[PDB]
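Only one chain is shown below, in structure tokens, and it's the form deposited in one PDB entry.
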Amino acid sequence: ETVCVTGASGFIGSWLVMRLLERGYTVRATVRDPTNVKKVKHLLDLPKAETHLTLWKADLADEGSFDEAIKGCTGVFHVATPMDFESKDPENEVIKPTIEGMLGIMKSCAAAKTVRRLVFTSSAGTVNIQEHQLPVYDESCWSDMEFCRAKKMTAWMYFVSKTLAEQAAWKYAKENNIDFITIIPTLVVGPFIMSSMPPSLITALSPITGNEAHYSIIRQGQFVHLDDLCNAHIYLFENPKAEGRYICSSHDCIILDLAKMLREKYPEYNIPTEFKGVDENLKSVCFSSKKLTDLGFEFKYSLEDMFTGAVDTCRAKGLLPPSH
């Protein structure tokens, strides 16, 4: 069957396309710019690309731009999203196109008549952005927008756009009887096929690069392997019993435990031993994937698997130095 993957050039998007083509799907992959060789070469080099992959030019900012790609598809994976954390105009450059792009794709789907299920890749930032952290989060939990806008932590604008897009999407879905599923990943770590630094790995490997601004996301961190996440996407698209939101998260630990793991695996890098405002008594915060595992889904990868995959790929591609 024929599925549309939005944001196919990205970290998650490109791996998903790979796994979909591997599974025998016909894939329509969207990108903003098909003349960009660094964005498309990795898609075209995929096994089955010549015969089973087409590229479509589309932007979330343009009304109706996903109309042609979606017509004829039996499913849609909406993975694309504005990823700028440092935007000087957050409302127009990030928040607004995320929500209207999302609703636009849902309408593009309704207009197609062929789409049997829309799978939206949401974000853990729609779940646990509040002042007090619960010990365990599930699918009933939503982020606090007032707190998010006021605190203005790293990625606040991104957290707001994702939260607002998902809530708007559920409203549209309930009112128009659209078979709609969302997947909520935590921090996605692993090897990848794209040629530039995946945004999440800026966060995940902060302990190695010393990027302190990203510490706030991993302070009480939750993680999932790229390949487990993409298999969860395919699983929930194919599983007829699937409904509502699904958390997809396999591990949790505080920055201290993560930095420990990395020092032990990578002695060549300068990884801190102490982090300001963080003690051994800091509670680990868990995202519960029980709804997903209850369906029959199995995670296959460990925290060590994720990070070795990520660092090894970064090295291979010259995105991390060999040592410090």
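Residues that one form lacks are left out of the comparison. A residue's number is simply how far along the shown sequence it sits, counting from 1. For clarity, a rigid core is taken as the largest C-alpha set superposing within 1.5 Å between two forms.
Just so it is clear, the following notes concern the form deposited in another entry, a form of the same protein that is not shown.
Which of the listed residues (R219, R149, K71, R116) moves its Cα by 2 Å or more between this form and the one not shown when the core is kept in place?
The one that shifts is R149.
With both forms fit on the core, has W170 moved 2 Å or more by CA between this form and the one not shown?
No, because once the rigid core is superposed, the C-alpha of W170 moves less than 2 Å between this form and the one not shown.
Once you overlay the rigid core, does the Cα of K241 travel 2 Å or further between this form and the one not shown?
No; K241 is a residue whose C-alpha shifts by less than 2 Å between this form and the one not shown when the cores are overlaid.
Quick one: core overlaid, is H132 moving 2 Å or more at the Cα between this form and the one not shown?
Moves: no, less than 2 Å.
Given that the distance between the C-alpha atoms of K57 and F85 changes by 3 Å or more in the other form, do they end up closer or farther than here?
Note: Cα gap between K57 and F85 shrinks in the other form.
Answer with closer or farther for the CA-CA spacing of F85 and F275 in the other form compared to the shown form; it moves by 3 Å or more.
Their C-alpha distance grows by at least 3 Å in the other form.
Superpose the two forms on the rigid core, then report in sequence order the stretches of at least three consecutive residues whose Cα positions each move 2 Å or more between this form and the one not shown.
Shifted runs of three or more residues, which all move 2 Å or more: 83-88, 149-154.
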